[PDB]
Structures are given as structure tokens and as C-alpha cells.
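Heads up, the thing below is written out as C-alpha cells.
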RNA sequence: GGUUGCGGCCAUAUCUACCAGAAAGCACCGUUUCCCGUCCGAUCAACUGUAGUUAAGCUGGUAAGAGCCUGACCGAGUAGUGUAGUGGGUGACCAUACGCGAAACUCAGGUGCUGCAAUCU
RNA sequence: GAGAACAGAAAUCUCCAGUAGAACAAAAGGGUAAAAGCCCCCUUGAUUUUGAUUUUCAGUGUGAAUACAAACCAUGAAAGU
RNA sequence: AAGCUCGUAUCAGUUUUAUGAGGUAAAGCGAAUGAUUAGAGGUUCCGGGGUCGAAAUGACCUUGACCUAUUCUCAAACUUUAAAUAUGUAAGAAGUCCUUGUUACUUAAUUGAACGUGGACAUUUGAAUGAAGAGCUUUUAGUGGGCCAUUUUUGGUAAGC
């Protein structure tokens, strides 16, 4: 029927790795009230860095 | 009670055994990094306590506090616990806490805490509510529990709500004992007759009292008596002290 | 529903790494800011003038 | 132990490396102790190895 | 720390609801001057002729100076003589009477004759510490009344012999 | 230092029993016209701090008290447990080697500490 | 446990002790003491639009559940829920 | 198997330091909870079904509602206490610190929150050891009857069950 004999050894052939933890995590799933402002925050801070700082 | 019984039950909280605080009400008030301000109105015999208190895990922080006993600075010396002195007290912190922030910028808002006073309309508790709302604090409320509210319809009487502000129920009651039973009337209201302040003159005292509170909220403290330490040295006499080990071993 | 200690202990150890490095920049000296494991102890002269070592003789039973 | 034996570079039978002794590496030898034999070498064997 | 009467409870137990319950309800109503509150039964026994929540009995409480004239005009029926025991260890006492025409009433063939329980509770001033809401407390040992303190109080005023 | 309002950790703060508390603060207490709430102005509501008390509450002290909290080359390197042997025993199990290591108990001392604001010989 | 005419093992009434020894539609285990239990007061959030996520898992479906956003309402003096 | 982007990257069937999680073995019964073989009578303290019934003062039969007053012995489906082995995360560049930039979110408030410009901080850049490259992507083959030993265990007296 059921057993787990020789299952740990099959997992450690190609190893057990991490999800490799990117910069800039996906904002899908965050509270939308934070997402709706954070759009308009970046749209301004790219303007003043292009207009003023040059 | 068995020795197993005292080992088993856990105590309530310290502020819960001494039954001053409901925590079921408190856990709704506190948890709303923004400091969340709360108006605390308590009533003893012969005093009124009104405090603006924020929430901190170190335990609390008080911004502004005014009491009943600061009112004889402002012209109210008799009836410090009625509905009107409750109204002038809520007008008092509302001027006082608003000055130190520089407001008197949407409104400033403060939530009302009560404690264990039961919710009945015409209470003296909501006098400090109406005094705070007129003072300028954004205290969210409804006109259900103000006095002059009909149980039949959804009507509030502004002619009678104005009456309790200037002590109408006291000034009318001075008239009902004027013609009936002087022996009662000399017994109560004795500070009124010794200063010879009758019923109709009471309203003008309150009217002048609201004008001074809006003028002078800056709370100079009582200067003091002797010192800090002189009050501490005299207090060391009446208390006892602990007992050493060998004195209880010789006993 | 928790909060963690061990990370907040690391956040205090970074502050120690700032002040040691800022001090050693002033007075010219080595930093040695990496941790080390336990080390085998050194040689120490031990004087049995106070207490004579007593024999044991594992008899009892 | 087989992971610990690979960390000391001790792959084949009759092989040897020098190990610095701390609290950390003393616990590694404490795992693989039924497989290895170790002691404190003199200057003579280090010169001859 | 005097020994004032707290209240006076006037109980009437009738095993049936209906007219006899309501006609007994008028008796306390015209005597105490107040509306008597009714009482529903907890559970059912069927030997007593009861059922669950049947409004089995009425009673009324009187507080203050009105209760003492009700008590004295009631206690006169027992001729200023209670029995031996009759006293709680807390400090309270009660007694029941037949024939409520002994406190006097017209015969009233509609209403009829009923038997009442009188019961008295005693406390000192400072009993508000248990009954209040903020900062509830317990009564101290020396201020908790006794069975004995009721005996000397009941012997002193009303001039009675306690008995036995 | 004493009290008061709002709390933080939530018995070293509890439980039982007696005894003290200067001042002020709280509390008991007084009355029912009005808002108000009840079988009952008891609870709650409003009114005066005037008619009276520290008797309770509350705070503090006391007891080889019960409970409760830390501590111990105390129990004890004991029980148990990871690893190793072509070790012992017919076994049931027990030594040994490299390591980790309790608890009940016994004894020792302890019996709330503190945050903000206001106020008192 | 101590008391109250008829009235007792069992009605009703009154105080003291009372860490859950009760109750919460039902199995069992959790949870709960100014409540999540009891009794009153008002009510339909047992609603609309679709997404994000957890457990069973192929990280498919179905069931059940969690935290939000935009709307409209309920209740409370209010924070909230 | 075909390879592709790159080249000490950053990782690991491992240990240390730090810090969580658990209710097993051992402990406990004079701390809460505590079965078991067993059982005499108690007719509106009930009746739980059943059959009857031109009815209900309504019969007939069987578990009983109750242990009524007791006694000894417990544990995987009992617990205050709590190992060993096993197990989650952290040990810095995507970092710390300063100055101040944005927005329709937030605050009583340009206070916060998020992401930034500019400036300071270098190989001991933040524990040990190791790294016979690291990383990602396609594509398909076989397989989907297993068995044995050490130790812990459940059903079974027992077993190459």
C-alpha cells in the first residue's frame, strides 16, 4: 500500500533549493489602497529627477 | 477552601480585580504608528476628572487634564458637579488642549471614553461631550442621549437643551422650594444664600464663566504648600515599616 | 501573531559594528569585528599551597 | 556523518587533512568519531608529510 | 453602624396559575400599594401540579418606612412571639401567617383567604460596597452582622420575647 | 513619601485572621423638583457637599499559615536518551566507550515592582 | 450551607460561600465569566461587483475558511463590530 | 540528451553562537480529571420503544428511569513539570547612517509609510568548514507487483504472520 521508503533520497538528488528571492517583489496581493497611491508616487518622483536634477 | 483550590485558580488583572477598568471595552479603544487619543471623563463625589490620554505600552501618556476645582478660578464656586459644571469642564479641556497644538488642519478628533457609567439619556456624562464639541474638538456623537430627547419621535428640543447648560433645572428648583418649606430650602443651597445668589442670577454667572474659559485656559498651577520633601517627611511618621529577621525569630 | 527576538539582537550588533569602526578610524588600530568560536585555553600555573589534593580510592561498594 | 566527512575533504579511505580546533570543528569530529582516528601531530610528522 | 432593615419580601406560593394567582396578586397590590411581580417556575414535577414557565407565584418587596408598619401590623398576629430557631446565620428572619384578615380586610368572597410568607433581611450602612458597580468590595468580618446581633436587636425593640 | 485618575507586566499582587491610618483624597452617608429606571429612588438617574462618620471600603503592618516566585558542588551526573562493537546473557535484559541530561522532592531566602498627569503638613 | 404558612428528597422566596465543577442545535476536542452563557432592546452584512490567499493538492477541480478594495445599509452615545 | 546566459557567483542531507516551536520517554498521584468483571428492591421521583384499542379512570409487555448509602485498583482516548534525537529563522551591499525629494494613501500637523537623489562606510564587508563552476530552459526514455536487517512500534499467543 503506502510507504515513504526511498523518498527522501530522491529529493536530495537534485537538491532542495530556495525561491531565489528577487528584488522588487510583485505587488499583486498587497492591499490595493497602498497600490493605488504607490502608482502616483512613482509617477511624480521620476518627473522631478528628470526635470530638476540634470 | 482546600490547598489544591488556591493553587489552581489564576487571578484576574490588577486593574480588573480592583474593578476600575473593563478590558473588553479597552481593547476596542486602544488598537486603532499613529497615536490614538481618547477623552477620559470620570465622576467622583464632589469632583470631575477630564483627561486627554494617548496609548503606549509603557502604560499611558496624558496631554491635557482639567478638573472641577479649577472652576472657582473661573467664577463657578457652587454646584461643581452638576450638568453645567460638567459642560464648562468639557469646554475647558477643549480650549486647553487646542492651544498647545496651535489650532485655536481639519478638525482635531478625540474619542469619548466613559468607563462604567451606564448609558442613560440626560446623563451628566454627555455634558462634557457637548462642551467638547462646542469647544472645537471633533467628538463624533449623536443627539440621542442629550436631555430633551423624545422617546416618542426623533425630535431634540434645543430650547430645553440650552436650559440645562445654564443650570435651568437648578434655577427652577430654587423656585419650587421658595414657596414650599424654607426648612428644606435653608438646608440645601446654603452656600447660595450665604452669598445671596438667587435663582435668576445663576444664569448670568455661567454666561460670564464661558467667556473667561475661552479667554484664559493657560492653567497656572496651584503654587504650593511647604515643599515636595516637607510633605514627604511628615508622611513618614504615620506609616509603619517592615520587620527584620531576628526580631521575628525571637518572637 | 508573533514577534522575533534573534533578528532584533542582530540589529543591535550592527550598531556595535559602527562604533568600533568609527573609533578605530580615529586612533590607528586594528578592528577585529568578526566573531570567533570558542578557543582552547592557555597555560596557567596552578598553586596547590592552599588546598592539598585529596585521594579518592573508589571503594564504596 | 557522510556529509560531514565530505566537508573535511576526506573522501577516500586512508586520507588526511589538518583541522583547526574550535568549538565548531570539535563537534564535527564528534559526529564522525566511529570512522576517523585523530590526534595531535608533532613537528616531525608535519615536516615529513 | 446601626442595624437598619434593608427590605421586606412578601411571598405567596399557589400551585396553579389562573384566577387564584391573580386574586392573590391583588392582595399584595392593595397592601403594599405597588404592583407585585410574578414568578415563573423553573422545571416540572407533576406531583405539585406545575409545569415549566407557568407563572406560579407572585411577590412584592417593600423598602423603607412603609415596610415597618407592614411588619409590625404583621408581627402582631404572632403576638410578638416568634419561635426558637427562625434566624439565619447571616442575620435574617422570616415567618409565615395564615388568615390575612388578621391584618384586616373585608371578607371579599371573590378574592378569598390566602397565606403569606413574610421575610426580613438586615444590613448595616455601608452595604452599598457590595451592591455598587465600580470598585465592588466585600464586607469586613466585624461589620458582617451575625445571627446573634439580630437576636439582641429583635429583643430590644418591638419588646418581644424571642423564645425557647 | 500619602492619596487620586488612566494604565503597563498580570498572585513576590491571591486566600484566611486580627490590628493601625496625621493631613488631604476617595468612600459611606443626605434629599426626589426635573431628565431618567425599576415589584421596590436597593441597583441606576438627577441635586447639594449642606445634616454625619472613618464602623466597612481602600491602603499599611503582623503569622516557623495555605498558596505563589526565583535560587541551589539539593535530589543527581541518578532516571531517560543519540551513536559504536563478530561486547556479555539461552533469554528477560545489563555493563562498557564517545556524548547530551531531567522532574517530583529537600533546603535556602522572597511576598508586587513600576509610566504619565494632578494634588496634600 | 443557613432560614421562610400549607410545603416533604423536589415549587416559591432571602442571604453567604462558590475558577466554571454549568451553558453554548448535535459527535469528540478546543474556546469562553461585567462573555462566546442568561434576559431584554433594535434589526437583516444570511446583501452587490469580481479578484488575492490558506487546507485537501497535480500546488488542478469541488467543499470549507482567511485578510482586503469599491459600493450600499444594520447597530451603538462612540471606538468599532 | 541537446544545449543556453555567465564565470566565484552565491549556495550546503554539516557544526557553532543567538532565538523560536513541541507534549513523547522519564516524572506526578497526600495536584485537577479517575474506567474496569459486578449488582438486591425502589409502579404519574417516568414510560423508553412495542402491540392493542368506535379511546382512555389505559389496558398488555419489555429496557427501566435511580445507585438511592458505601468500599479497592488507573492509564495511549489523565495532567502542573519536562529531556535526548529530530526541526523554523537570522549571522549585512538588495547593508547601516546622514541630508531631504515625491503622491490622489495617512497624520491634528509634511507627522508617518513607501520608493528615491546626494554624501560618508571596503577586503577581518561582519561565525566554522566546504564548493571537481554556478544559474536557468527545453525535451523525451524506463518505472508505477518490491523484498531484507538494526532500532521504535500496532493487530495477532505465536511466527520466514
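Yes/no matrix, rows are residues, columns are (1) surrounded by 10 or more Cβ atoms within 10 Å (Cβ to Cβ); (2) within 14 Å of another protein chain (Cβ to nearest Cβ); (3) assigned to a loop (DSSP other than H, G, I, E, B); (4) near RNA strand F (Cβ under 7 Å from one of its atoms):
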| site | (1), (2), (3), (4) |
| --- | --- |
| B:10 | no, no, yes, yes |
| B:27 | no, no, no, no |
| B:34 | no, no, yes, no |
| B:50 | yes, no, no, no |
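Mind counting the residues in segment B:210-251 that are surrounded by 10 or more Cβ atoms within 10 Å (Cβ to Cβ) and over 31 Å from the mean Cα position of the chain (by Cα)?
Result for segment B:210-251: 1.
Has segment B:214-225 got at least one residue that is within 29 Å of residue B:121 (Cβ to Cβ) and more than 12 Å from RNA strand F (Cβ to nearest atom)?
Step one: of segment B:214-225, the residues within 29 Å of residue B:121 (Cβ to Cβ) are B:214.
Now restrict to residues that are more than 12 Å from RNA strand F (Cβ to nearest atom): B:214.
Yes: segment B:214-225 contains one or more residues that are within 29 Å of residue B:121 (Cβ to Cβ) and more than 12 Å from RNA strand F (Cβ to nearest atom).
Consider residue E:12 carefully, then state whether it is more than 16 Å from RNA strand H (Cβ to nearest atom), within 16 Å of the chain's Cα centre (by Cα), under 20 Å from residue E:110 (Cα atoms) and not in a loop (DSSP other than H, G, I, E, B). It would help to see each step written out before you state the result.
Numbers: more than 16 Å from RNA strand H (Cβ to nearest atom): yes; within 16 Å of the chain's Cα centre (by Cα): yes; under 20 Å from residue E:110 (Cα atoms): yes; not in a loop (DSSP other than H, G, I, E, B): yes.
Judged against the criteria, residue E:12 is a match.
Exactly one condition in (1) more than 14 Å from RNA strand F (Cβ to nearest atom); (2) farther than 17 Å from residue E:114 by Cβ is false for residue E:66; which is it?
For residue E:66, the exception is condition (1).
Kindly evaluate residue B:120 against the criterion of being within 14 Å of chain E (Cβ to nearest Cβ), more than 15 Å from RNA strand H (Cβ to nearest atom) and under 21 Å from residue B:45 (Cβ atoms).
Working: within 14 Å of chain E (Cβ to nearest Cβ): yes; more than 15 Å from RNA strand H (Cβ to nearest atom): yes; under 21 Å from residue B:45 (Cβ atoms): yes.
Yes, satisfied.
How many residues does segment B:193-251 hold that are outside any loop (DSSP other than H, G, I, E, B) and in contact with a helix residue (DSSP H, G or I) (Cβ under 8 Å, 6 or more places away or on another chain)?
As a first pass, look at segment B:193-251 and keep what is outside any loop (DSSP other than H, G, I, E, B): B:193-194, B:202-215, B:229-238, B:245-250.
Next cut, in contact with a helix residue (DSSP H, G or I) (Cβ under 8 Å, 6 or more places away or on another chain) only: B:193, B:202-203, B:206, B:209-210, B:213-214.
So the answer is 8.
Only one of A:36, A:9 is more than 30 Å from residue D:3 (Cα to Cα) and not in a loop (DSSP other than H, G, I, E, B); which? Give the derivation first.
Working: A:9 fails: more than 30 Å from residue D:3 (Cα to Cα).
Selected residue: A:36, the only one of A:36, A:9 that is more than 30 Å from residue D:3 (Cα to Cα) and not in a loop (DSSP other than H, G, I, E, B).
Taking into account only those residues within segment E:15-33 that are assigned to a helix (DSSP H, G or I) and touching a helix residue (DSSP H, G or I) at 6+ places or on another chain (Cβ under 9 Å), which is nearest to RNA strand G (Cβ to nearest atom)? First the steps, then the outcome.
Of the residues in segment E:15-33, the ones assigned to a helix (DSSP H, G or I) are E:19-32.
Narrowing the set further to residues that are touching a helix residue (DSSP H, G or I) at 6+ places or on another chain (Cβ under 9 Å) leaves E:27, E:31-32.
Details: E:27: 11, E:31: 15, E:32: 14 Å.
This residue is E:27.
Can you work out which of the residues in segment B:36-48 that are more than 26 Å from residue B:107 (Cβ to Cβ) and away from chain E (no Cβ under 14 Å) is surrounded by the most Cβ atoms within 10 Å (Cβ to Cβ)?
The selected residue is B:47.
For segment E:49-164, which fully contained helices (runs of 4 or more DSSP H) count at least 3 residues that are within 14 Å of chain B (Cβ to nearest Cβ)?
E:128-131
In a loop (DSSP other than H, G, I, E, B), away from RNA strand H (no atom under 16 Å from the Cβ) and closer than 25 Å to residue E:161 by Cβ - does that describe any residue in segment E:34-44? Lay out the reasoning, then the answer.
First pass over segment E:34-44, keeping only residues in a loop (DSSP other than H, G, I, E, B): E:34-36, E:40-44.
In the following step, the residues that additionally are away from RNA strand H (no atom under 16 Å from the Cβ) were identified as E:34-36, E:40.
Among the residues that remain, those that are also closer than 25 Å to residue E:161 by Cβ are: none.
No, the conditions are met nowhere in segment E:34-44.
Would you confirm whether any residue within segment B:52-65 is surrounded by 16 or more Cβ atoms within 10 Å (Cβ to Cβ) and away from RNA strand H (no atom under 16 Å from the Cβ)?
Taking every residue of segment B:52-65 in turn, at least one turns out to be surrounded by 16 or more Cβ atoms within 10 Å (Cβ to Cβ) and away from RNA strand H (no atom under 16 Å from the Cβ).
Output the residues belonging to segment B:90-128 that are in a loop (DSSP other than H, G, I, E, B), under 18 Å from residue B:80 (Cβ atoms) and more than 9 Å from RNA strand G (Cβ to nearest atom). Steps first, please.
The first filter runs over segment B:90-128 and keeps only residues in a loop (DSSP other than H, G, I, E, B), leaving B:100-108, B:110, B:114-124.
Filter once more, so that each one left must be under 18 Å from residue B:80 (Cβ atoms): B:117, B:123-124.
Within segment B:90-128, B:123, B:124 meet the criteria.
Going by what's in this entry, would residue C:46 be described as more than 16 Å from RNA strand F (Cβ to nearest atom) and in contact with a helix residue (DSSP H, G or I) (Cβ under 7 Å, 6 or more places away or on another chain)? Write out each step before concluding.
Working: more than 16 Å from RNA strand F (Cβ to nearest atom): yes; in contact with a helix residue (DSSP H, G or I) (Cβ under 7 Å, 6 or more places away or on another chain): no.
Against the criterion (more than 16 Å from RNA strand F (Cβ to nearest atom) and in contact with a helix residue (DSSP H, G or I) (Cβ under 7 Å, 6 or more places away or on another chain)), residue C:46 does not qualify.
Could you say whether any residue in segment C:13-25 is outside any helix (DSSP H, G or I) and over 17 Å from the mean Cα position of the chain (by Cα)? Break it down stepwise before answering.
The initial filter retains those residues of segment C:13-25 that are outside any helix (DSSP H, G or I), namely none.
Within segment C:13-25, not a single residue is outside any helix (DSSP H, G or I) and over 17 Å from the mean Cα position of the chain (by Cα).
Neighbour counts are summed over all protein chains in view; Cβ atoms, including those assigned to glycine, are modelled from backbone coordinates with ideal geometry. Every number in this text was worked out from the coordinates using simple rules, so none of it is lab data.
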